[PDB]
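Okay, here we've got a single chain as structure tokens, the form deposited in one PDB entry, with questions on binding and movement later.
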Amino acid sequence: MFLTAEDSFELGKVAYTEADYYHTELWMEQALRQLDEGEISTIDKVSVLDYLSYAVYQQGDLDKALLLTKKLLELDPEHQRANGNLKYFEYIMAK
């Protein structure tokens, strides 16, 4: 079976709150996949990129977190949290 972007986003958001980053990434990736396939949906791609970049960083993959952050800002240059995450990730990696 498979989840819509909406249901996988719901699942990933719960995982996020609790604070299960592996499952936040697994479920947010499913949302992303559904959206890129052209699923009609209320959920938006920057929102999933928001949770996904964070879930990935928490598991130690800064390279991916930064790439997803840059993908996010490509779609939304003015995103507040992602602009800060850009600076924040780059700071960690520079160490």
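The first residue of the sequence shown is number 1, and the count goes up from there.
For the pair 54-62 and 33-41, the mean B factor over Cα atoms is greater in 54-62.
Across the two stretches, 21-29 and 74-82, the PDB entry reports the greater mean Cα temperature factor for 74-82. Per the PDB record, residue ranking by Cα B-factor puts residue 2 in the lowest third of the chain.
A second form of this protein, the form deposited with a partner chain bound, is not displayed here; the remarks below concern that form.
Using a 4.5 Å cutoff between non-hydrogen atoms, residue 29 does not count as a contact of its partner chain in the deposited bound form.
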